[PDB]
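What follows is a set of notes on a single structure, which appears directly below.
Just the heavy atoms: all of them, side chains too, but no hydrogens, waters or symmetry mates, feed the values below. Throughout, residue positions are numbered sequentially from 1 according to the sequence presented.
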Amino acid sequence: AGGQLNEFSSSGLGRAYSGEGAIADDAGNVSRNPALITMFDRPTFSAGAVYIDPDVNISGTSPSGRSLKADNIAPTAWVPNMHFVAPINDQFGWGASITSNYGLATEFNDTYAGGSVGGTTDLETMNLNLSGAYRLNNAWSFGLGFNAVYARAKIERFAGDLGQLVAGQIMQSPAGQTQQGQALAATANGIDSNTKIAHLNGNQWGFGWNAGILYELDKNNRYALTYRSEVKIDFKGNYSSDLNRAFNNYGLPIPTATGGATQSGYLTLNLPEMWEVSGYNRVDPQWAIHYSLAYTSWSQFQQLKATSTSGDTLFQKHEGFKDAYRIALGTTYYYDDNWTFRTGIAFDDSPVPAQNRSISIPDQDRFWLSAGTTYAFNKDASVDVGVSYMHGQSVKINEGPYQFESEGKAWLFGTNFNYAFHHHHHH
Ligand SMILES: CCCCCCCCOCCOCCOCCOCCO
Ligand SMILES: CCCCCCCCOCCOCCOCCOCCO
Ligand SMILES: CCCCCCCCOCCOCCOCCOCCO
Ligand SMILES: CCCCCCCCOCCOCCOCCOCCO
Ligand SMILES: [Ca+2]
């Protein structure tokens, strides 16, 4: 939740990402737990993508009387994944992957009446991971990984109906009868709803590490603990606002006006650390259950704040997230040599306290329902197909001069192809 993504594989999608630190039926899980490397005795490849089709809607009425209805404010997304794992020795192995652990997109029409808190909010990240692992004995394995994260981000906000609202208050006040107030009201009326009042964009790399432990009770039952470090992205990018500079320094609740001029802006984005415990139990030749609890330190994300080369605040939005958990439970039906089926459910606690909710990050507690299948063409190759349905609760949002309600759900569809090489690294 809150911009965190779980879509590292399509088999995982069909499980509702349950017990992902503890299952190693394909190469995708190494990205989640590097210790799982020790479960692979030949070079193994997996690649695919998950298509996310959100349906997130906003409703309400502005004090101007304009509707705050906004349908489908969360664009579709295509999240790819690629994974490779290989033994080095009977005791060591390595793996690498390309995945995305964080990403968000919320995009309103630029004439939206609530544009000052709407507009566009986009974050895309690509996690490049290189991992290694060591098997201590039949029971214990340990893994460590290095992550290089590339992030591209953009925020835009627009005037919306603020100009109309301000003109209305001026004209209803004693100032409405003065030359000064009338001049200000004309200026306020002149601010078109699609006037850009903030633009931030930048691209940057950050770095992190991750680690895992695997405990195998036997070949059919294992448990895992993993940690993914925080990743700090220190963007240096562009900031501008098309409002006249004369708007500045009155304490108005709008971003810094720059008369359309671009200047360098700095913003630090913290991608939060995450812990996860997982279990996998193959209770029968044809059946396994798998389950997990994850804890994400979303308290590490406190605000979006862009500052200038003089250290002044250009744009600032308080977020105040809280640490949050995700719990998931799934089962896998190993039907025959070709067919495997799976299903799962999960609950994702929103890291956003009610008072801190915003329409640009329209988040809510989410429930997952998942189903999937894998067809193995032979001992070396297979395809995974997965589908998930996510449903969140409708919530009230109070932001700036506006009151909104938000509702959200999503469909997710994923396909992966898997290939294992006829190749061993024994000594
Ligand atoms: C004119 C385009 C940019 C807007 C200039 C600054 C706008 C900041 O003011 C906040 C707008 O809020 C509207 C004020 O509503 C009238 C006051 O009474 C309503 C409070 O309940
Ligand atoms: C992409 C390759 C496979 C396509 C999967 C898409 C979903 C279609 O499969 C639905 C489930 O079909 C069940 C198969 O029935 C079991 C096979 O029966 C043979 C046993 O003798
Ligand atoms: C409840 C919604 C919050 C909106 C208003 C809350 C109280 C703020 O009103 C302060 C009044 O200050 C008046 C200044 O208005 C801006 C005029 O400048 C725009 C001229 O272009
Ligand atoms: C290609 C590298 C980056 C991966 C693409 C991600 C682009 C940003 O979009 C993130 C996808 O998430 C969209 C919303 O997620 C579903 C939550 O909304 C549904 C409400 O239940
Ligand atoms: Ca080799």
What I'd like to find out is whether the side chain of [X] reaches to under 4.5 Å of the side chain of [Y], using heavy atoms alone.
{"X": "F341", "Y": "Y334", "value": "no"}
{"X": "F235", "Y": "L269", "value": "yes"}
{"X": "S358", "Y": "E319", "value": "yes"}
{"X": "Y325", "Y": "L293", "value": "yes"}
{"X": "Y112", "Y": "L68", "value": "yes"}
{"X": "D348", "Y": "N6", "value": "yes"}
{"X": "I37", "Y": "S131", "value": "yes"}

In terms of the angle between their ring planes, are [X] and [Y] parallel, tilted or perpendicular, with boundaries placed at 30° and 60°?
{"X": "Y419", "Y": "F421", "value": "perpendicular"}
{"X": "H391", "Y": "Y389", "value": "parallel"}
{"X": "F8", "Y": "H83", "value": "perpendicular"}
{"X": "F413", "Y": "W411", "value": "parallel"}
{"X": "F207", "Y": "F146", "value": "parallel"}

Ignoring hydrogens and geometry beyond distance, is a side-chain donor-acceptor pair present between [X] and [Y] at under 3.5 Å?
{"X": "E273", "Y": "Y227", "answer": "yes"}
{"X": "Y150", "Y": "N127", "answer": "no"}
{"X": "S350", "Y": "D363", "answer": "yes"}
{"X": "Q4", "Y": "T296", "answer": "yes"}
{"X": "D122", "Y": "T120", "answer": "no"}
{"X": "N194", "Y": "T111", "answer": "no"}
{"X": "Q300", "Y": "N270", "answer": "no"}
{"X": "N29", "Y": "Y280", "answer": "no"}

Q | Stepwise side chain to side chain contact (heavy atoms under 4.5 Å, CB included) check, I155 with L304 | A | CA-CA 10 Å; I155 284 173; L304 291 169; 4.0 Å; yes

Look only at the side chain of [X] and the backbone of [Y], and say whether a donor-acceptor pair between them is shorter than 3.5 Å.
{"X": "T187", "Y": "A183", "value": "yes"}
{"X": "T343", "Y": "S370", "value": "yes"}
{"X": "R32", "Y": "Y17", "value": "no"}
{"X": "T99", "Y": "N81", "value": "no"}
{"X": "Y402", "Y": "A113", "value": "yes"}
{"X": "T331", "Y": "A288", "value": "yes"}
{"X": "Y239", "Y": "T258", "value": "no"}
{"X": "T256", "Y": "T313", "value": "yes"}
{"X": "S18", "Y": "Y291", "value": "no"}
{"X": "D26", "Y": "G28", "value": "yes"}

Q.
Would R326 and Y295 count as a cation-pi pair here, with the cationic atom under 6.0 angstrom from the ring centre and within 45° of the axis?
A. no

Q) Between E20 and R15, is there a side-chain N and carboxylate O pair less than 4.0 Å apart? A) yes

Measure the spacing between [atom1] of [X] and [atom2] of [Y] and express it to the nearest 0.5 Å.
{"X": "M274", "Y": "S297", "atom1": "CE", "atom2": "OG", "result": "10.5 Å"}
{"X": "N57", "Y": "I73", "atom1": "CG", "atom2": "CD1", "result": "8.0 Å"}
{"X": "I233", "Y": "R152", "atom1": "CD1", "atom2": "CZ", "result": "13.5 Å"}
{"X": "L243", "Y": "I254", "atom1": "CG", "atom2": "CD1", "result": "5.5 Å"}

Search all heavy atoms of [X] against all heavy atoms of [Y] and return the closest pair with its distance.
{"X": "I197", "Y": "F158", "result": "CD1-O, 3.6 Å"}
{"X": "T38", "Y": "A133", "result": "CG2-CB, 4.0 Å"}
{"X": "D349", "Y": "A324", "result": "O-CB, 3.4 Å"}
{"X": "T178", "Y": "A175", "result": "OG1-O, 2.8 Å"}
{"X": "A16", "Y": "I345", "result": "CB-N, 3.7 Å"}
{"X": "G21", "Y": "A224", "result": "O-CB, 3.1 Å"}

Q) For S382 and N418, what are the C-alpha separation, side-chain angles and deciding distance, and is it a side-chain hydrogen bond (donor to acceptor under 3.5 Å, both in side chains)? A) CA-CA 5 Å; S382 64; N418 302 114; 3.1 Å; yes

Enclosure of [X] [atom1] (heavy-atom neighbours >12, cutoff 6.0 Å):
{"X": "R282", "atom1": "CZ", "value": "yes"}
{"X": "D284", "atom1": "CG", "value": "yes"}
{"X": "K322", "atom1": "NZ", "value": "yes"}
{"X": "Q179", "atom1": "CD", "value": "no"}

(Q) Name the residue from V149, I98, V79 that meets the side-chain contact (heavy atoms from CB on, under 4.5 Å) definition with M126. (A) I98

Q: With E399 as reference, evaluate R357, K317, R157 under the salt bridge (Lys or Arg N to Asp or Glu O under 4.0 Å) test and give the passing residue.
A: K317

Q: Mind running side-chain hydrogen bond (donor to acceptor under 3.5 Å, both in side chains) on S31 and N129 for me, showing each step along the way?
A: CA-CA 7 Å; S31 70; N129 178 93; over 6 Å; no

Is the ring centre of [X] less than 6.0 Å from the ring centre of [Y]?
{"X": "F321", "Y": "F301", "value": "yes"}
{"X": "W339", "Y": "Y333", "value": "no"}
{"X": "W140", "Y": "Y215", "value": "yes"}

Q: Show your reasoning for whether side-chain hydrogen bond (donor to acceptor under 3.5 Å, both in side chains) applies to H318 and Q303.
A: CA-CA 4 Å; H318 179 68; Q303 64 180 157; 5.6 Å; no

Q. Name the one of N416, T373, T415, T374 that satisfies side chain to side chain donor-acceptor pair (under 3.5 Å) with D384?
A. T374

